[PDB]
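What follows is a set of notes on a single structure, which appears directly below.
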RNA sequence: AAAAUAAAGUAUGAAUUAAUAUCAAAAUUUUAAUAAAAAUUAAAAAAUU
RNA sequence: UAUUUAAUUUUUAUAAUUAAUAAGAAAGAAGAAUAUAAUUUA
Ligand SMILES: [Mg+2]
Ligand SMILES: [Zn+2]
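Okay, structure coming up:
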């Protein structure tokens, strides 16, 4: 899914599109037309301190 | 000069720890009540005269 | 002398001592006149289906020391004739 | 592929059980979670279930359908009837091998014209010399097999001592085999050669010509149980006279060595029948051989 | 290449094994437990008043509850459910000494009947009390008073009839009659045939044997006595959203949500348009998950009278 | 690898089995089935 | 022999109880490290050390006196007042002394274990207070005194026995 | 097949929602009446704290 | 520049701001033996403390130890500790040799051997 | 990376990376329902797991467990609330049967003990109920709907009166599938808490529990759900039930999305 | 890669090299240009080839 | 030549509870040397 720079650049493009949480990372999922999927760019779901800042 | 006064502080502090307080209060209130015991002397009292300390 | 082999240097004899402390249980369950191997319960849930929907099995094998003590003590009976006189098919 | 299926511990609960899930109260097994006898430790929003018509009807149907159709459900019988100890559990049983000697090299044909190069191994005297279970920890047990009886004055004075303590006749060589508790055989047991079935695959540990080597797939060809030989289709890099440690190759890529289709081993030790005497028996009639490869 | 530490599996394969909802190696230390007790507005009470018993539940002491009643009899906020709750709190006292505690029940009874003309709650409650006190003819008398009053005896009233018929040492077919009459009345809806379901009811009541008995749930007297629940992050739900102990100004808000009309969502129906989805919600740590629960002023008692009998120990108040 | 199981060899005892006898025996078994 | 297949034998006769205990204290089974030590200035760790590449697989941790000592402690472990230990009301007083010195002699510290010491000493005083009234000899003082010497050695001094002797 | 005892229709010849709340019998869980016992719910079937 | 390896004092419970007010010292020591230290006021402006002696304090310690061990009996560590309190109360001197030395040299009292070489309290010419 | 004893089972240790090398813990890392979470409370795992049955935690998982001592095989549970000698009726449930018939939702084995003779019932009742949201009243198995209101009772703003009469308003509105000749409204004289009474083809009448703070769709869905329960209940008597014109649970349908351009 | 020749050896005994403390193994960054310079974590036994 | 690796320190009855990717009386020839542990041999 395309990664938006921040939460403000995140819009709901269709009728069926939703806001969802991927482990504290806010994202948009459409059960129809998956090309509408948007992630907020943020840390990986699994990160250590030295590995990711 | 710093290493040794560190040792002295450590001893007086642990000797205060046995009494449920520490160096951090003891310094202040040996200052407050105008006792003027040098920390070396507080070490001597802690080790050789526990009752006086 | 890394972290871990020093760790085990110190602690493996302590693990041995600890399980020795585990073995004394049976010992005062011996001394007072009781004789029992402390039993392990049978688990009826060993068959399961996971999230990808396939059959997953868990194997529980229970060792019987009163059988073992008999196993080492005397010979097995004579090997049945179906075994060696016919080969193992590849 | 080379991994089994992944099932997490959280995922095993009543809704994932292939058979009916059973809860343990310790004197009795029931399908209802144990209702704590002190009622005031009941948590809020918790239904203590004394009866459920949903989960009891499926159990009702299941049990009857089992006794009513015993021929369809024989696999289901694995749930209610576990194998007792010993009795050659296919997955849990590991038996010991024996110590051989690389004797010579030979050549055979199979049914077709095919030149094989056999290596012939000799099993001079195989006796279980020692039992060692290490501090009673599970899965830690060893059986020590000695070979090649040897005069009193041979070994260094500390080796002979060991053999005297054991009670076993003095051996040239001893090797340990890790095995399961069920696979034990008593100290001093004479091991025969047909402990190894001619069809099986054998793990071999020997000295290279100069470190130790391990061959994990090698099939048995032929067995002379008179002269106590065993034949193998390989050319080893090994000196003639090298002591070779034998074992059963316990799994070949997802397949167990011993199974109903493939076959079953004579389990803790082979024992010969009381009525046979090898001193009356010729070499050729004493022969055992594999199925064709 | 130790494989106990750096196994041969890719991180793509292995990242499913990273726990993000982590349970046992807990994140809440002990020092916080008390702090998070204080910020939720909870107050430590002395053992007489009440306590958090073995299931970490705050149970209000009997003879404590009666005093709360006798202060709050005429208060504006005191509703008719508070009365029957009080009476419910008095039951062990009702069994272990019926002579001096049925007078209390009758006080609440008369006061209720003059604060409100009559109620179904109150009659259910006091016939339950009379059931535990083993006055049976009192139960028939009370039921006749119900029917004469125009009150339609409730399903619970028939269960109280069954309880009183049971533990007063009276035979089956006096309970059976109550059950059958109750089911003819359209109170009890029983799905099974009468015999087996009466068996079910009696099998539930035999588990529930009384406060004085030798076998039963109510006959179990041991209480973990704690001023404070020994895990403050304790759970009634799945998620941490669903935690058991929530703030008092939250437990006001949910009560406000309950007693206000149903226009948005379904009450009483088994559908529940908004489905429970704990896993769908925010998974991540707030700054109070690191720095600790936020400091609030410790809940204090001003000008409390001096503790006479401070040397004496409180008896478990089950009596 | 210098251990005892590996270094020690059984050469000296080879008279205990008749190598030459078994080779000829399986020669007999070679001509009996006709390879 | 004495633990697994014939558990009754140590309880039946205290004689070999003490004999086995004293032999077991004579070789020092609980510090095997000094089995391998040729110079006491350099104590050898042959018993307590194992490395994963295989050093000391042969000299590794040999549970040697483990089962025996734990067992014959648990023969004296009857702390229950329901039944007194069956061998201790069978022992001669001199025997009680000698098996106390057995336990005191086995341990690497040279000190007896608390439960055992308490048990034996408390069993001894209730015999001494009885027998001092009846037939008594000067030798029966030797038993008491070399009881008190052991009692001082293990560092719990007996005020009662000392105030008996003085 | 691959189906568990639960969810299996009969013995005769998931990731997206991991947790469940347990089902009472259908005729039982449609309207489910209060019965006061001493501050517990007693049914012919279930118990509760309330 | 090198990392500082001097010893660090343990953290101490934070004040509630009550300490800021004068007449409230921020040292809180209220302990078991506290009431025994009696304060008197000298003419100088200095103070005069009356306290129990060394052996009295240690005797109190011994009483508390015995009183905690009356129930479960005395364990070996308790034994050794009580022995040492009992010694240090009566000390009169300073002890420079290891405590185990006497036991190591007297071990022959504990473990008796066969009577051929058996060692007694007199040995030579016997 | 295997040394020592290796068991003939094909891959037991493969998921922890091929080795046996620790194994002496009783304690592992845990999600909910994993091992050391025995002692904590959770909705799901209180009723779905026995707290002896918790094994080790994440990727170190028990595929193979070897323990010593005797085995206790405790006897299976015997089923409650049935007399011995009782002969049940047997059912055949199959995937061949679709979900549209009530013959999927019931007891598979059927006793005479579980068959209520209260109601006319030849075979016992079901245990599992379908769940959807009923937006409309549709005449399902009902023959009459009676709505009784006493106008004497009067109130301003949102009240139960408003709710029941909104039930009526929805019943008679243009988009309601309910046939509008069988909705009956009654004005009562003396002070009736307005009730709704639905009579089915059995002659049985249900009254939904109009609660304080009830709304319009609560009563609708209560009526519809109880209507399903009653369809099954009447099915138990042996009535032959006609198929419903409108299906509230969409079994035969998929979620369909509109197009792109 | 087979064949021929030469390496533990007793004896003789040089030469290049040499600021060094019993040594300096592994990693990370920094510091005016490899940095065996720093700091930190760490984990280098002895002899012979 | 220093570090670094690889091998060895000359039969260890036995191997792996962990790290990382293991060691019993002594040197001539390991052979009495022409592959027998003596091919009878004065
Ligand atoms: Mg200076
Ligand atoms: Zn879209």
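Chains as they are written, first to last, in our numbering: chain Z, 2 to 54; chain E, 66 to 118; chain V, 16 to 105; chain D, 7 to 299; chain R, 660 to 978; chain B, 73 to 107; chain A, 838 to 1003; chain L, 64 to 113; chain Y, 848 to 973; chain P, 19 to 279.
Even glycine gets a Cβ: it sits at the ideal position worked out from N, Cα and C.
- Against chain L, the beta carbon of residue 185(P) has no neighbour under 9 angstroms; the closest one sits roughly 17 angstroms away.
- By the neighbour-count criterion, in which 16 or more other beta carbons inside 10 Å mark a residue as buried, residue 820(R) falls on the buried side.
- Annotation for residue 254(D): the continuous beta strand (DSSP E) segment containing it runs 249-254.
- For residue 23(Z), there is no enclosing alpha helix (DSSP H); the residue is part of the beta strand (DSSP E) that begins and ends at 19-23.
- Around the beta carbon of residue 991(A), 16 or more other beta carbons sit within 10 angstroms, so the residue counts as buried.
- Under the Cβ distance rule, residue 218(D) counts among the residues neighbouring chain B, one pair being separated by less than 8 angstroms.
- Secondary structure at residue 123(D): strand, using DSSP grouped into helix, strand and coil.
- For residue 258(D), the three-state secondary structure derived from DSSP is strand.
- For residue 711(R), the uninterrupted beta strand (DSSP E) segment begins and ends at 709-712.
- Ranking 92(E), 113(E), 96(E) and 87(E) by CA distance to the CA of residue 876(Y) puts 87(E) first.
- Contact annotation: the segment 168-184 of chain P does not touch the segment 884-891 of chain R, with fewer than three C-beta pairs closer than 8 angstroms.
- For residue 97(P), no alpha helix (DSSP H) segment is defined, and its DSSP state is neither H nor E.
- In this structure the segment 748-766 of chain R lies against the segment 720-735 of chain R, because at least three pairs of beta carbons, one per stretch, are closer than 8 angstroms.
- The beta-carbon of residue 31(D) is placed no less than 8 angstroms from the nearest beta-carbon of chain L.
- Beta-bridge pairing by DSSP links residue 175(P) to no other residue.
- Of all residues in the segment 29-42 of chain Z, only 32, 33 and 34 place a beta-carbon less than 8 angstroms from a beta-carbon of chain P.
- Nearest C-alpha to residue 200(D) among 51(D), 179(D) and 229(D): 229(D).
- Below the 9 angstroms Cβ cutoff, chain R contributes 662, 666 and 667 as neighbours of residue 36(P), in chain order.
- For residue 228(D), the enclosing beta strand (DSSP E) covers residues 228-230.
- In the displayed model, residue 114(D) falls within a strand according to three-state DSSP.
- With contact defined as three or more Cβ pairs closer than 8 angstroms, the segment 693-707 of chain R and the segment 901-908 of chain R are in contact.
- Going by beta carbons, residue 241(D) and residue 123(D) fall inside the 8 angstroms limit.
- For residue 56(V), the secondary structure class from DSSP, reduced to helix, strand or coil, is strand.
- Interface annotation, residue 61(D): not in contact with chain R, CB-CB separation never under 8 angstroms.
- For the segment 6-30 of chain Z, residues whose beta-carbon sits nearer than 8 angstroms to a beta-carbon of chain R comprise 21, 22, 24 and 25.
- Within chain V, 73 have C-beta atoms less than 8 angstroms from the C-beta of residue 80(P), given in sequence order.
- Counting along the chain, the unbroken beta strand (DSSP E) around residue 215(P) starts and ends at 213-218.
- For residue 988(A), the enclosing alpha helix (DSSP H) stretches over residues 976-990.
- When DSSP reads this structure, residue 793(R) sits in no beta bridge, so it has no partner.
- The C-beta distance from residue 238(P) to residue 202(P) rounds to 17 angstroms, too long to meet the 8 angstroms contact threshold.
- Using a Cβ-Cβ cut-off of 8 angstroms, residue 95(P) is close to 28, 34, 35, 36, 37 and 65 of chain D, given in chain order.
- These are the residues, in chain order, with a beta carbon less than 6 angstroms from any non-hydrogen atom of ligand 2: 14(Z), 15(Z), 18(Z), 31(Z), 34(Z) and 37(Z).
- Residue 93(E) places its beta carbon less than 8 angstroms from that of residue 873(Y).
- In this structure residue 62(D) is not in contact with residue 179(P), their Cβ atoms being roughly 44 angstroms apart against a cut-off of 8 angstroms.
- Sequence-ordered contacts of the segment 668-679 of chain R with chain P read 668, 676 and 678 [C-beta pairs closer than 7 angstroms].
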